[PDB]
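As structure tokens, one chain now follows by itself in the form deposited in one PDB entry.
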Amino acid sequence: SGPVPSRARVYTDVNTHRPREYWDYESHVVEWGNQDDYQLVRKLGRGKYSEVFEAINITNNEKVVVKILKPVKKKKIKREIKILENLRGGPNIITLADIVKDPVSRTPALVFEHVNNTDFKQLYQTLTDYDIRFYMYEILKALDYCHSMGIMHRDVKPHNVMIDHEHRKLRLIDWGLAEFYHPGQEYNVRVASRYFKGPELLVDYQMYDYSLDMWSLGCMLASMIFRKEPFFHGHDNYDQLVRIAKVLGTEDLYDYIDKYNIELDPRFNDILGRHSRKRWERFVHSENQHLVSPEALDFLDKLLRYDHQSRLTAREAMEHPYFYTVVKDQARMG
């Protein structure tokens, strides 16, 4: 039988109509600068693919962020570099300032523009109802741009959103997992963080598209308005689907499985069970009532869908009543 093919409802062929140089990142030539132009000041943290430092550009004494890339295939380094240059100057996208290599260790490193970020473990506890709508609108500006540019982030989560709350600025960072969308291509489902993986990654459906980012965004919105971090708290990839199925119900899950003829892992046979689709009022209590509204629930409900085709696009999300007040204040400032 095999899975049913799928295509994105928006920006399906944008990369096809580009010159081959735009998406053929393997043939991209990189001009490696000298890392001596930067002096590391502080370690801002580290992850599985890189360790991040705050550095100073000794030529003009401006703050930058140096991200020393951990050993991955050069093909994947050019991918992140090509994507960052294609998205350069876009709304709420991090700005790649330079590409350098250590003269001694010869290790590649990326240099980004500095951001004054407050970690969401201290910031999301302080966000008002308006702040969530405002910053979600900013993330949506970034997602709509890169999707329109044929690029698919595949790792949307609070750790990858730097917010300057004093200046109300926001930047979407960490594009090491981003990929170009091409209709018909089957991608690796081993992407994104566990708590933000879309159902298509959990049931191993490889022909996904930009809508994968919209599920991750719905997981962020759910945790912010309900004050439950994370919202789907699974112990592994298989239990992650059971946590989703206990909220969105199992009826729409098996309809999704049947629609795309997805071969379900036999491990899911005994753990999914049968669950109803819970109304969002079960997650509202005295601590989060000021962040929940009929608009927030209607908007959240339209993001968290099994069928990736039925999720809102980034532009459709920006047109939701949930953002009406943010759009108006933006207009007068204009």
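Take the two forms, superpose them, and find the largest set of C-alpha atoms that agree within 1.5 Å; that set is the rigid core. Note that residue numbering begins at 1 and tracks the sequence as displayed.
This protein has a second form, the form solved in complex with a partner chain, left out of what is shown; the following refers to that one.
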What stretch, of 28-36, 303-311, 271-279, 289-297, brings heavy atoms to within 4.5 Å of the partner chain in the entry with it bound?
28-36
Tell me, out of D102, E251, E113, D258, which residue has a non-hydrogen atom within 4.5 angstroms of the partner chain in the entry with it bound.
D102
Should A109 be counted as a contact of the partner chain in the entry with it bound, where contact means heavy atoms within 4.5 Å?
yes
Whether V284 contacts the partner chain in the entry with it bound should be assessed with a 4.5 Å heavy atom distance threshold; does it?
no
Would you indicate which listed residue, out of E263, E251, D119, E85, moves its Cα by 2 Å or more between the shown form and the other one relative to the superposed core?
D119
Quick check: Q185 between the shown form and the other one - does its CA shift reach 2 Å or more after fitting the rigid core?
no
Is_shifted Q206 between the shown form and the other one (CA, 2 Å cut-off, rigid core)
no
Could you check, with the core superposed, whether the Cα atom of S105 shifts 2 Å or more between the shown form and the other one?
yes
